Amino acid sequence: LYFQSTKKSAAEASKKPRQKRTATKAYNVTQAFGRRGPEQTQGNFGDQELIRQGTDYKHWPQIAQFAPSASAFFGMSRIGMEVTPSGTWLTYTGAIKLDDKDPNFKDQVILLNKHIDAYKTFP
């Protein structure tokens, strides 16, 4: 059920297009999506545990409930296309509303805030 990263398995995982990668303990968030940080187009989400575990994180389902389906991604978002010296890029922005009538709402807010910009508190 759980694997360790090897250069071998990392080289296979990395063949997927970025947007279709799945981070796991064997191919962690940093490996799949780059170091967390403040820059534009750099990811900022994940504390040390989530970074190391990806979708093996024990509370992953409570984060994943907020990730959009392909239909909703293209349906909800503002989509743009930019051509630059690095290539052609599909840009996306949007927002997903949390349901504040869910009795779990306060816990959802706390879990999301725990990972947003967590990288600032560790190397």
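Note that the rigid core is defined as the largest set of C-alphas that superpose within 1.5 Å between two forms. One rule holds for the numbers: they count along the sequence shown, beginning at 1.
**Q** Between 89-97 and 33-41, report the one with more C-alpha displacement in 8 other deposited structures of this protein relative to this form after a rigid core superposition.
**A** When 89-97 and 33-41 are compared in 8 other deposited structures of this protein, 33-41 lies farther out.
**Q** Between 24-32 and 79-87, report the one with more C-alpha displacement in 8 other deposited structures of this protein relative to this form after a rigid core superposition.
**A** Between 24-32 and 79-87, greater C-alpha deviation in 8 other deposited structures of this protein belongs to 79-87.
**Q** Return whichever of 94-102 and 67-75 has the greater mean Cα B factor according to the PDB record.
**A** According to the entry, 94-102 carries the higher average C-alpha B-factor.
**Q** Lowest, middle or highest third: where is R35 by C-alpha B factor in its chain?
**A** Its C-alpha B-factor, which the entry lists for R35, ranks in the middle third among residues of this chain.
**Q** Please place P61 in the lowest, middle or highest third of its chain according to the CA B-factor in the PDB entry.
**A** Within its chain, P61 is a middle-third residue by C-alpha B-factor, going by the deposited values.
**Q** By the record's CA B-factor, is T24 among the lowest, middle or highest third of residues in the chain?
**A** Within its chain, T24 is a middle-third residue by C-alpha B-factor, going by the deposited values.
**Q** If you rank every modelled residue in this chain by C-alpha B factor, which third holds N44: lowest, middle or highest?
**A** For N44, the deposited C-alpha B-factor lands in the lowest third.
**Q** If you rank every modelled residue in this chain by C-alpha B factor, which third holds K15: lowest, middle or highest?
**A** Highest third.
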